[PDB]
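One structure is given below, encoded as structure tokens.
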Amino acid sequence: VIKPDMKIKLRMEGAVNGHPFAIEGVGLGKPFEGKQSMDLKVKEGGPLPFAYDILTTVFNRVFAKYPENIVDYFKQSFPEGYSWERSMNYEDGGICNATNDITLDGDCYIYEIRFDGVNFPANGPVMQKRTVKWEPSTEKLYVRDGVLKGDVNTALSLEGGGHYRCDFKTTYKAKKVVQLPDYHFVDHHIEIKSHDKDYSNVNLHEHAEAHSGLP
Amino acid sequence: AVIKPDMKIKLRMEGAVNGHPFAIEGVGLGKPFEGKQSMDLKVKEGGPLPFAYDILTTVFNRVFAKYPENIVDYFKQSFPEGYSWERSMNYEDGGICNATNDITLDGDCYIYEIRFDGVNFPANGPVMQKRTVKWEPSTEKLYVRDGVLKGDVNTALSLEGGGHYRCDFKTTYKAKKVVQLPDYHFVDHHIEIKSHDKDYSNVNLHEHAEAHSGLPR
Amino acid sequence: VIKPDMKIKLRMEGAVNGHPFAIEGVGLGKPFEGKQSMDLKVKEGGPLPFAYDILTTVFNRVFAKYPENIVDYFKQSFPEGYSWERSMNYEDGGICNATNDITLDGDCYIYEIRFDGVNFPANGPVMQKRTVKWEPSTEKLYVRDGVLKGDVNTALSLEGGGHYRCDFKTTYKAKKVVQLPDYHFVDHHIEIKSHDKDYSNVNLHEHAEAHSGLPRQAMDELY
Amino acid sequence: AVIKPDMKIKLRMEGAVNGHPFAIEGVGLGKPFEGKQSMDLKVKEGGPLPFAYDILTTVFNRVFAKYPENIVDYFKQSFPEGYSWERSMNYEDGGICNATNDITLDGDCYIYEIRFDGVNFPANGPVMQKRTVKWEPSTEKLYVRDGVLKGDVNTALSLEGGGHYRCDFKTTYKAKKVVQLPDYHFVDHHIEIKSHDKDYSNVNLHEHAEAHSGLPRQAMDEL
């Protein structure tokens, strides 16, 4: 039920340090090529008082290229879909929790996202908007208690050079019984391609490919 | 006069655990100078709650803490304007709860606007299986960092079979006006659910807290 | 087994960021009043290139005043004694692992201590010796898998004010079957009372008292 | 060039796990430019080892990593004078291991002095019950901070009955002379025990590592 070219629609409602906001996005991707892009609009809470990069890994592992020799948990879960929950622990104490419920209508994936971040220090790179980009990363995926887990430890490049680390822990839950994968990896690369001064409009790109490590 | 011997509480929580939304409203009373409060809580949406009610109860205000004259009281100084706080609660099995409270004052009644979001509680864990009994008493340590008051507490839920399930709280407190800042100190806490109905649609909750400076006694 | 006045002898061997050192100590204390004091000398690896305070909580919960209300896992364990293992995680990523095997010879406890600290940054408060003292602390003890655990989240105060946080996780192991206590707390207060310029001589004091949290009606209301 | 296509390794490790000391010595050989190495290891004291041998094996040299010309090689620039590293290893049930290695070069032989200290491994956990199978392949990220090189790796042990036991590595790498610092990059690893006797008094250990810089925008898969 996956076509070479899929559409994406999403809404995110959330809060950082107790300030609410809301973002909507339309996008396109090629699930068997592991590539997606999307345009995102802030609809409430603008101009955002925090670094936009903390949102972008939240904005669907169906858009990862899986080799034949690895079980693809995500494409197997449609038409019914799947959801995920995630905690993002930054190295200065900032914590974000996020959830995404992913459903499918026709050729369009539809995401409902909730995001809540707390304890970002006022003088930190997130609240001062001093991030540049996420570095390329490698996610580890493994089964525990009948569902799929993913961990990624990565970092944001910063305006003066330097790196601000963050650790992701994700739980993926298919809405039907699916084949379960063995331990594997997905390399990711996400960038903001364009944006306006206050990030009211963002064009965002991601590329992901599954592997098995040093062969 | 601002902070009276007896005060009222009004609150609404909205939140989600593992992506399941719910909402709760509360009405209560307390004694700010005695460090004691109680409240009755009603699930308004998302009931019956499919998780342990105990992960909510420390989210349901440090103005209700007995401060000796030895220690600057950040929280009573902050009224009438009020203060807000943010907290992350890290459970030893990977369950993470983020919460925020904005606390204002209308006459003799505190009003809380609470948001709660928990993720990654495992289906077979004591939270989703409702195997918790109560929070142990705890000691919070409060200290200033970069102009605001921080509080940390490492504590544990007692569980049904005997056993303890640990959690780390990290709270940032932000007064809404400039107040005098306290030196490093502690608050001892003790929170209990004194009654509840079977599915916890109605909960009666009590807390007791006193600040101190540690040893000597 | 446990006299009102007891003595202490210790030897610690360790490394910080891969640089080795060794310290010997003698002392005295009162296990029932929760007080002790010891004199410490650097034998090897001096002058110490790191903040001495990272060592001092490693230099025995037998020196803690327990009420009869709370089962005393530690006083129960002698003559045989007990051991403990500890990891201390500082907020900037420096980690110290320590072990202590505690035996008893006459009225003198003997400690065999090992200490290993890694990843302290060059310009942090440990390597640059900007620490002042440990704050008073509260360690929570609880049973798991038939042994006693204790966790403490505390902090060192810094030179120009401010605090440097550290989490301790300790495992206590009696060398014999003892009765295990319920969940409880030990308050602590550790202080360096005197030292010379580079801490090759240090006099250290500790006071420690067990309790069970905020009471419904506290006893401290007129005899 | 001080780095040759074939080079030998000599090492001694002394350490302890939950207070029980041991020592291992090893001899090996590896090809730094192909990123491969093998070694034979012998328990010299403290055997038979009461813990899973796997906790030791990532401690038994990033000079044996295949670096492309595209990425600065911090480790091969550091010789002959060499470099040292410190590491904490944080297992998901509370077990923690701190380790250090001081690496020098003698002729064309690498010499390691290793210190290992692990604490708080539960008695019924997979390490003390020896229920581990192997480390999964891993990816290390490397970045500069405070003018030295850091490496982090989050990985897991595979366990006998199925399932995985996670561990987080944090390493500091310090050249002994001034070298040029790399940009953010990665090393994929793969470590396996090729053979061992029943109590692991003798082990043959192999490792493969290659450096890279992440998912390419297009990549050299053009044909």
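Chain letters run A, B, ... following the sequence lines, proteins first, then strands; residues in each count from 1.
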Checklist entry - Where is the tightest heavy-atom contact between C:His189 and B:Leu215, given as atom of each residue plus distance? => result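 Taking C:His189 first and B:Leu215 second, the nearest heavy atoms are CD2-O, 3.2 Å.
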Item to check | Which atom of C:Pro215 lies closest to which atom of B:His208, heavy atoms considered | outcome: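 So the minimum-distance heavy-atom pair works out to O-CE1, 3.9 Å.
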Next on the checklist: Would the distance check show the side chain of C:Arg144 and the main-chain N or O of B:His164 forming a donor-acceptor pair, the cut-off being under 3.5 Å?
Outcome noted: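 Yes, because the side chain of C:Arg144 sits within donor-acceptor range (under 3.5 Å) of the backbone of B:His164.
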Next on the checklist: Can you list everything that forms a salt bridge (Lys or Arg N to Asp or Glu O under 4.0 Å) with C:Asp72? Sequence neighbours excluded, please.
Outcome noted: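 By the salt bridge (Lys or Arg N to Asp or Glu O under 4.0 Å) rule, C:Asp72 matches C:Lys75.
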For chain C, find its close neighbours in [range]: heavy-atom separation under 4.5 Å, sorted by number, or none.
range	result
residues 120-139 of chain B	B:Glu136, B:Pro137, B:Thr139
residues 152-160 of chain B	B:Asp152, B:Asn154, B:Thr155, B:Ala156
residues 51-62 of chain B	none

Checklist entry - Under 4.0 Å between a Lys/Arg side-chain N and an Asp/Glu carboxylate O for C:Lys149 and B:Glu92? => result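 No, C:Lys149 and B:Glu92 are not salt-bridged.
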Can you tell me if [X] has over 12 outside heavy atoms packed within less than 6.0 Å of its [atom1]?
X	atom1	result
B:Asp197	CG	yes
B:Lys177	NZ	yes
B:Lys31	NZ	no
C:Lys65	NZ	yes

